[PDB]
Every structure is written in C-alpha cells, then in structure tokens.
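Chemist: the sequence isn't on hand, but the structure is:
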Ligand SMILES: CC1=C[C@H](O)CC(C)(C)[C@H]1/C=C/C(C)=C/C=C/C(C)=C/C=C/C=C(C)/C=C/C=C(C)/C=C/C1=C(C)C[C@H](O)CC1(C)C
Ligand SMILES: CC1=C(/C=C/C(C)=C/C=C/C(C)=C/C=C/C=C(C)/C=C/C=C(C)/C=C/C2=C(C)CCCC2(C)C)C(C)(C)CCC1
Ligand SMILES: CC1=C(/C=C/C(C)=C\C=C\C(C)=C\C=C\C=C(C)/C=C/C=C(C)/C=C/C2=C(C)CCCC2(C)C)C(C)(C)CCC1
C-alpha cells in the first residue's frame, strides 16, 4: 500500500511545504507576514544547524500544516473511490 | 522571553491573625466601636483591590481563591457520588428505568418525617430527586455501586490535593507578575491543552467503555453478568464480536481509509427510539471532532518561538474610518484590571449557560432523559437561573471597572472614548425602544383580555380572530426540516425532532419529543421576552455608562462605586450609584426569567409532554389549551396558574408534603422582603434608640452600640430576601406539580 | 497556639458548636419521648 | 558542545556546568530568572544521573532471565518476558516466596528508607554522619556532593587514581551509557506494547529474517 494516492499526496504536500519554508516561500519561524506580502523575515534567536536558521519548530509546524492540507485534499476523495 | 519566574515564601502559615479579625483593613483592625463593624467586616472581606495598590498581590490572592472554589466543587461532587453509592437504589433503577423513580436521599426517622421517605418503587424508600444524575451514570456505564464508591474517594483525594496546592502556591511559591500578565501562553494552552485534550480523553472513555456496555444494555441484559469495562479493552474479541471494523487495530486510521470505522463514528442525527436519547456514536463523533478542532485552534499565538501571533499585533491593525484609530491599546486595559476580565467572562458564561439550558431540552443527550419529566424541567430552569445571575454580575463588575481602574492618561483607548462620548444617544434610543416594545407586547395582552371580558371574542388576537402569524419561525422550521434532504446529505433526519417535520419518539407509553407548532400565543410570548430583556439591558447599560459622571451629579466617580446617595439636595438624589442600578436591574432580570420559565412549563406540558395510547392517540398532560388560553392574563390565572397549583396545595399528608411546606415559607420571606425594601433608616434608628434606653435602664446596654443597618445594606438584604422568596416559590410549585402529575 | 484559642473564642464558631449541642440535646429528648405533648409527671 | 537541536533559552543556563554539555534543549526549562524548585540545574544534573543509572540497571535486569534462558542454565521456570514476568498481570504471573502485594509494600518501604536518607543528605550534605545508625556512621559522609558520594562502601576497587581527567572520562562514559540504556529500555517496552512476543525473541527474529519491518504493520495489540 505504498506509493498509492495517500503516499504520493502526503509526500508531495509535505515536501513542497518544506521547500516553501527553506527557500523563502513560507512565513516560517523567522518570517512574519503582514497583511499582504510575506518577505519580512526577522530573527527569533533559535540558531540551529540549518543554514537558513530553521529551528526544530518551523520544521515541525510546516510538517503539521502539510499533513493537514494533504489529509484535507485527499479526504475529498469523491472521484477516486470513497473507500480508497 | 517567558520563563518560570516565581518568588519564595512571602507570608508564613501562622495563626497570629485568625484571632485578630479585619487584619486586612486598617480601620477594621482597630476594633468594633459599634455594631456596624461586624457588617462591614464581611462586607469587604473578598474586596481584594481595596486592600493594596499593586496587581501582583491581588493576583496571587485570586489564584489561591480559585483553588478554594475548586476544592469546594470537588467536595460537592464527592458527596454526590457517595450518596449515590451508599444511599441510592441505583442498581434497581438500572434494572428497568421506565417506571422506577430515581431516589437518592433518605431521612432519619426521628420527628415524624418518615413520610418523607415516600414510595419510589423498587423496594426503596427515599426523597425523590430531580437532579438527573442517573441518566449520566447510565451513560457512563457506572452500573455498580463500587464505581460510585471509588469515584467519591478519588474526588475527596483531588479536593484535598487542590486545597494543598492552594495553600502552597499562596504561602510558599507565589507566582510573579510576568507569569500572570503573560496571557499568550495561557490562551495557547487552555485552547489546546484543557478543552481539546479533555474532549479527546472523553471520546476515549466513551468509545472504549460506554458504547459497548450501553449497546448491551439496550439489547437487554441484567447488568450483573454484563462484562466489566476493562474486560472489553484487554481481551479484544468482545469488541470484535460487536464491531467488525473495530477488530482492525489501527491500520484503517493511519492509512487514511477512515470510512472503515463508520460503524461507531457516524453522523446519524435524530434520537434513538430505544431510549429517546442521542445515538452515542453521534456524541462520540462530536466530542472527538471538537477535540481536534480545539487542538488545531490552540496554536495561534507566539509564546517563546518565532511562529505565532501576538494579541497586541492583532488589535491595532483594525482601525476603520468612522471609529478612527481602532482598538489600539485595548490590550493593556484587558491586562491591567481584573474586574474587566471578570465582567467579560461572566457575561460570556451566563450566555453559554442560557444556550446550554435551551439546547438541553430540544436535544436530550443522555439516555432515558426525555421521559423523566421533572428532571428535564428542573435542569432547564436551573440553568436559566444561573445564566441570568451570571449576566447581572457581569454588568455590575463592568460598572466597578468603569469607576475605579479606568483612566485616559495611561490606560487610554479611542474606542471606549467614542462610546462614552455619545452615551445619551444610546440610552435615549434604547429607552424609546423599551417603551415601544412594552406597549406593543403587553397592551396586546390587555386588549385581548378586555375584548374577551366584553363578549367580543371575534375581535381578539388569536388564530380564530384577528390573526398574527410568526411566519419567520415557521419558515426556519420548514428549512430545518427540509435541509437533511439536499444541503446535509451526510445526515439521516433533522438535527433534532422539534423541527416541524418527522415523527414522534415515545418510550414506555409516554412521549419524549415530537414536532412543535407555533401559534399567535408564541408570537406574543416571544415579544414579551424581547421587551423584558431590552428593559434589563437598558437598566444595566445605563448604570455602566453613567457610573463615571452624569449630567445630574458632575463628579459621581469621586464619590466612589457604592454609596447610598448624594443627599436630598437638588430635588433629591436617591439611588445614583451604579450599585443601585444593579440593585434595580436584579428585579427585572428575575421577572424576565420567571416569565420565561412559566412559558416553557406551559408550552411543554401543553404541546409536547404527555402519554401515548396503545393505538397511538396522544393525550397531553394538560390537554393542549395553550393556543387558546395563553392570550389572556385571566387565562394564565385560570388555566395555568390556579389549575396547575393543585398538586402543591393538597400535598399535605403525603410523600410530597415537603414541597407543600416550602410553598408557604417561600411566600413568607417573599413578604418579609418588603419590610426592608419600603422603609428607610432614621425611623429604625430612633426605635433602636428607645430600645437601647429600655435596656440601659437595667444595666444591660451593650458596648457593641446597636445600629440600624446602613442604607445600602438595607437595600441588599431586601433584594436578597425578595429573590429568595420568588425563586423558592417557583421551585416548590414546579417540583410538586410536575413530580406529582408526571 | 494561644492565637488559635482566641480565634476559637470568636462568636461564630462558639455559637455554632453551642447550637449544635443544644439541637442534639433536643432531638435526643424527642427520640426518648416521642410526641411529648403534655406534662404527664404531676 | 556538539550542538544537536539547541536553542537560546538552553544557553541561558546550560553554560557548560554539567559534565559534557552537548547543548540540546529547545524548551529552556531551568532559566534562572526564578529558580523553580526541582527545576534547579543542579537538580537537573542529579536527575539525569540517577535516572540513567536506574535505567542501566533495569535494562540489564529485565532482560537477564529469559535471555539467559536461551542457551544458558537458568531454568525455563522463569523463561518469561520481563513485561510478562508478573509486573503486568494482563500478561503473566508466578508463585513466589510471599504474596504479591505485601512483597511490593515491603520493597517500597526499603527503597523508601534508602531514598529518604539520600534526599535528607541532598538537603543537608554530609549530615548523615551524625546520628546513631548501628554502625555505618563513619562511611555515609560521602564525597561532599550528593551527586557523587564516593566512599569505600561505594568506591571499593579504587579509580580516579590521582586525577580529575580520569574521572571526566569514566563519567562521560556514565552519561553515555545511561542515555543508551534509557533508549534500549524504552524500545524494549514499546516493542512489548506493540509486538507482544518479547525482546530477546525479537533478536532471535531479527538475526535472519530482514523482511520483518513491523513499522509497516503498525499493528496495535496487547
Ligand atoms: C534530551 C532531551 C532534550 C530536549 O530538550 C527535550 C527532550 C528531547 C524531551 C529530551 C529527551 C529526553 C529523553 C529521550 C529522555 C529519556 C528518558 C528515559 C528513557 C528514561 C527512562 C527511565 C527508565 C527507568 C527509570 C526504568 C527503570 C526500570 C526498571 C528498574 C525496571 C524494573 C522492572 C524489571 C527489572 C522487570 C520487571 O518484570 C518489572 C519492572 C519493574 C519494570
Ligand atoms: C534535505 C535535507 C534534510 C531534510 C530532509 C527532509 C525533507 C526531512 C523531512 C522531514 C519531515 C517530513 C518532517 C515531518 C514532520 C511532520 C509532522 C510533525 C506531522 C505531524 C502530523 C500530525 C501531528 C497529524 C495530526 C493530525 C492527526 C493526528 C489526526 C487529525 C488531523 C491531523 C492531521 C491534525 C536534512 C534535514 C535531513 C539535512 C539537510 C538536507
Ligand atoms: C422554631 C423556632 C421558632 C420559630 C421559627 C419560625 C416561625 C420559622 C419560620 C420560618 C418561615 C415562616 C418561613 C421560612 C422559610 C424558609 C425558606 C424559604 C428557606 C429556604 C432555604 C433555602 C436554602 C432555599 C434554597 C433554594 C431554593 C429552594 C431556591 C433557589 C435554589 C436554592 C437551593 C438556593 C421560635 C421563634 C418559636 C423559636 C426559635 C426556633
């Protein structure tokens, strides 16, 4: 049961969320978005091994949001079988 | 950032003070030169903000007080569970709950009160109860007195633990300011931590213990040989026998094909004919979804990390054209004055209590609850009363905040400033609306009664005469009855049964719910409710808005929150303090609640409750005369107030006789209140003077110089006695009537 | 210790215990003499 | 200080006082603005030491009997998983040289004696070597720090010969072995809660058959 709908959806959503974080397309730990635009990065003080300052919080928050958006886009499975 | 900073051992646990009353107030600690001292002592005990000037100490004090409150609540729960264990017939009640009266209190045979232990069935004698615990204890599958016993023990343990925690946190490790004043993490937790995980763990306890044992009992088994709860989780094969899907461990959940669990988590709706209650599958799905919702909500605000919002970063953005600068700085007001928070929370809590009261009857959650009439009725009216009291308290403390801790120099705001800048317009327009509603909602009753007593029925306000139709309510009911067709396919029936579509649910020859039609009488009663609510709002809002300074007295605030008057000058200035505004509004809130609960009782006993025949003909408890006798006050006397007051008045020499006795004392106090509400003081002062003379003549004049109560305390004792009389009267009436007939 | 003594001598608690004792005496008399209407001693 | 998932609230108090500070604390518990009782950094090092030591002893002991039963000569009368030994009644039991409950309260009283005395030492260091103890008095003074008691009762062979460096090595070893034993214990217990067959038999399994990979099944059963 690997590589199927659930697998591909979850992995692509979480990987694109993490990339949006690490490349500057997500308002992660050291980036707070205003009313409109996003690129307002400011520091929190959570130096970690990541070269772009990614603590063990944003790398978890982005994952949680990716999994939520995945579950939501997949459990609208009204066109790929209501039971898998 | 945010840390665990606290302080060590401010105050020592020394009894040095208990022997010196009023240690907190400098004046009180001097000594009781007169008798008003011992009133003023109790009167300002809990008044923490008048004992210091810094918020740290009063915050510590309220932190300890909350523990005291929780200890009392735990002790009460323990007493309840104990009396259920050692003194109830709970097992016999579980045997068959159709026609066995829940009793959980026996009385000692000493002074002839043996009659109190009336016949309740099931080989038991005891004062019948209406608290409604038994439906809960059957929902949670207690089904054994050992469980009640051990639960009472654990509750006692938690009570002592909370009392300890209290003592320790005030005396030994007192929290500091930057802890209290840090609301971000508090919101974060209480959203995610307390409520969410609470509902989640309860969904646990329901899907793993309640659901199977309840389904077994519905199948019909003596609870003696019903398998114990833990023996439903240890050995899987039982639940396997019940639910095929449930024998698949955790694969169907993690692998996102949740539909397998569809059996025990579903979205049926409606009620369950086996017990009239809710399909426990539905309530489990509810609690679980709510848990998930609270957990995902809890992660809003930045606390220590770099993600999340800040409650200061949310308000100041909102600033519209008309109002101007918006909510700037409001964050500081609601973080630097406890009374503000107390008012806000009391208002929201009263509203939630009211909506709980409403949603209870129309959607009976528990099983075999919509057929124990008295329980449903008593629960609803109790919740209504609690909500009303909470709302009035909210208004009072809002006024107190307005007086003391409001100041534009440092606790500034540009929104409340505008609000206060045009108070007169608000109060004027609300007053006019109150007059309009009063006229067009009570004069209608007066006209109807008069045109009745004048032999002109065809000029009345009813369905058979000049007609007023509540069209919007019937519109909404039609929509709710046709919504499960297209809008909400995932449902099975309407959300409840009270919507104007479907069939009726009846268990044990009695009905529980069925459609509810609305007649012109409902229109009139709804407008009466609207009017009375508007008038109470008028009173309390005027008090709050004018607590600072009125166009009558220019510097009212300087005179303080609670003072009797400003002398008889300028034509008399009686009852100008916001405190007196609350004193007034209390009566009107009482009246609103009273008429609401009377309407509820009559409507239920005239259109829903009752018995069902073998063939299926319904004969309601009162005969269905609402839509034809609620439209005349004389009717209210005749059809409802007089008639349905029989069972309380013949109640002497029976089990219910206690309900009879109160029906007089309730009235009596009720009288008594007038003596304080009408008279003044100077008269009583002179009378006390002459009595002091009569005593002093015999060398008995006490050094605790007698003094007639101060004005404010007179009004307070009056209003308390009056509320007590009214509520006790309606209480005795309700209980006697419903538990006798029903 | 003496502080708790002076506290115990404060009228509320003293009154509560006194009234409890009196009520106990009365209810015990009523138990040992049910309905006790007249004075059937002299 | 090999930084693995650190933060700044960690470095507020984790300034290198514990032997071998690695810098791993996102939450920042023991911030010294207000010293929380039992959140004291001294108490934290004490706790990690004590926990890791207990975990070492437990991971040896819980696994010892059945394991030894494999190709050894401890009889099959005790060839039982640690989680089936009897501590977990829903798993197994055994007829012992007493009854279950009184045995438990008795061992609780003994461990209570030991740890109460140790705690009293913690509050007042050295203060056990005053009162009558039917002997044993001239030993329980310790080596000053309740963290490290020393004493020929607890220093028989004699190490850290004339040194603090040797003590630093031996001791790093202590923290590392404590953490490793913690991991192994937690893993054995999680397998036990999810596998249901026993650790040593799980090794019996994972020696030959690679395809096991029971994270794929995630089967949650007793
Ligand atoms: C580092 C860090 C950092 C950041 O900041 C955060 C975080 C991440 C959170 C952290 C982490 C941590 C950790 C991992 C920890 C771990 C711990 C443990 C595991 C412990 C154990 C611990 C453990 C323990 C005590 C245990 C012990 C045990 C024992 C003795 C045993 C006993 C027994 C036996 C013999 C057998 C029988 O039949 C039964 C019994 C009775 C069972
Ligand atoms: C490249 C690289 C890297 C990276 C990698 C990666 C990419 C990783 C990933 C990672 C990840 C991938 C992570 C994740 C995370 C996730 C999470 C953490 C999730 C969670 C989830 C949850 C918690 C869920 C929840 C829920 C439930 C349970 C039910 C209801 C619904 C919901 C959904 C809410 C490294 C660093 C190595 C190094 C450098 C290089
Ligand atoms: C024996 C005696 C006497 C007399 C007495 C009397 C005559 C009394 C009366 C009394 C009256 C003439 C009346 C009364 C009434 C009472 C009441 C009325 C009470 C109540 C209480 C309560 C406690 C209630 C409660 C409640 C309710 C029911 C409602 C709301 C809720 C609650 C639960 C809070 C003499 C002087 C010879 C001597 C001394 C002793």
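Modeler: Sure thing, it's come through. Residues are numbered from 1 along each chain as shown, chains lettered A, B, ... in the order given. Ligands and ions are numbered 1, 2, ... in the order given.

Chemist: switch to C-alpha atoms for all contacts and neighbour counts from now on
Modeler: Will do.

Chemist: hang on, residue B:512 packs against residue B:608?
Modeler: Yes - counting by Cα atoms under 8 Å, residue B:608 is a contact partner of residue B:512 at 7.3 Å.

Chemist: so which of those two has more stuff around it?
Modeler: Neighbours per residue, other Cα atoms under 10 Å in any protein chain shown: of residue B:512 and residue B:608, the larger number sits with residue B:512, 29 against 23.

Chemist: nearest residue to that one other than its sequence neighbours?
Modeler: residue B:370 (5.0 Å; Cα to Cα, 6 or more residues apart in numbering or on different chains).

Chemist: what about the residue lying closest to residue B:24 once chain neighbours are set aside, distance to residue B:58?
Modeler: In this structure, residue B:24 finds its nearest non-sequential neighbour in residue B:51, 6.5 Å apart by Cα to Cα, 6+ apart. When Cα to Cα, to the nearest Å is the yardstick, residue B:51 and residue B:58 sit 8 Å from each other.

Chemist: same check, this time on residue B:531
Modeler: Residue B:531 sits at a distance of 40 Å from residue B:58 (criterion: Cα to Cα).

Chemist: which one's more surrounded, these two?
Modeler: Looking at residue B:531 and residue B:58 with other Cα under 10 Å, you find the greater number of neighbours at residue B:531, namely 23 against 18.

Chemist: what residues are up against the spatially closest residue to residue D:93 that is not a sequence neighbour?
Modeler: Nearest-residue entry for residue D:93: residue D:86, 3.9 Å, with adjacent residues in sequence omitted and distances by Cα to Cα, 6+ apart. The neighbours of residue D:86, taking Cα atoms under 8 Å, 6 or more residues apart in numbering or on different chains as the test, are D:92, D:93, D:94.

Chemist: then residue B:512?
Modeler: In this structure, residue B:512 makes contact with B:276, B:370, B:371, B:504, B:505, B:506, B:608, B:609, judged by Cα under 8 Å, 6+ apart.

Chemist: equivalent analysis for residue B:184, please.
Modeler: In this structure, residue B:184 makes contact with B:301, B:302, B:303, B:310, B:311, judged by Cα under 8 Å, 6+ apart.

Chemist: quick one: contacts for residue A:9?
Modeler: Contacts of residue A:9 were listed using Cα under 8 Å, 6+ apart, and they are A:70, A:74.

Chemist: what of residue D:199?
Modeler: Counting by Cα under 8 Å, 6+ apart, residue D:199 makes contact with D:63, D:81, D:188, D:191, D:192.

Chemist: top of the residues you listed by neighbour count?
Modeler: residue D:81 (23 neighbours).

Chemist: what about the closest residue to that one other than its chain neighbours, how many residues nearby?
Modeler: Of all residues not flanking residue D:81 in the chain, residue D:198 sits nearest, at 5.3 Å (Cα to Cα, 6+ apart). Each residue near residue D:198 was counted by other Cα under 10 Å, and the total is 22.

Chemist: quick one: contacts for residue D:198?
Modeler: In this structure, residue D:198 makes contact with D:81, D:82, D:83, D:188, D:191, D:192, judged by Cα under 8 Å, 6+ apart.

Chemist: tell me which of the residues you listed fall in helices.
Modeler: Assigned to helices by DSSP state H, the following of the contacts of residue D:198 qualify: D:188, D:191, D:192.

Chemist: and which of those residues is nearest to residue A:18?
Modeler: The shortest approach to residue A:18 among those belongs to residue D:191, at 31.2 Å (Cα to Cα).

Chemist: quick revisit: and of the contacts of residue D:199, the nearest to ligand 3?
Modeler: Within the contacts of residue D:199, the smallest distance to ligand 3 is 53.7 Å, found for residue D:192 (Cα to the nearest ligand atom).

Chemist: what does chain A put close to chain D?
Modeler: With the criterion set to Cα under 8 Å from any Cα of the partner chain, chain A comes near chain D through A:45, A:46, A:47, A:48, A:49, A:55, A:56.

Chemist: buried residues in stretch D:198-208?
Modeler: Of all the residues in stretch D:198-208, those buried under the rule 16 or more other Cα atoms under 10 Å in any protein chain shown are D:198, D:199, D:200, D:202.

Chemist: in which helix or strand would I find the third one?
Modeler: With secondary structure defined by DSSP states H and E, residue D:200 is part of helix D:199-206.

Chemist: ok and the residue in chain A nearest ligand 3?
Modeler: Sorted by distance to ligand 3 under Cα to the nearest ligand atom, the residues of chain A start with residue A:68, at 48.2 Å.
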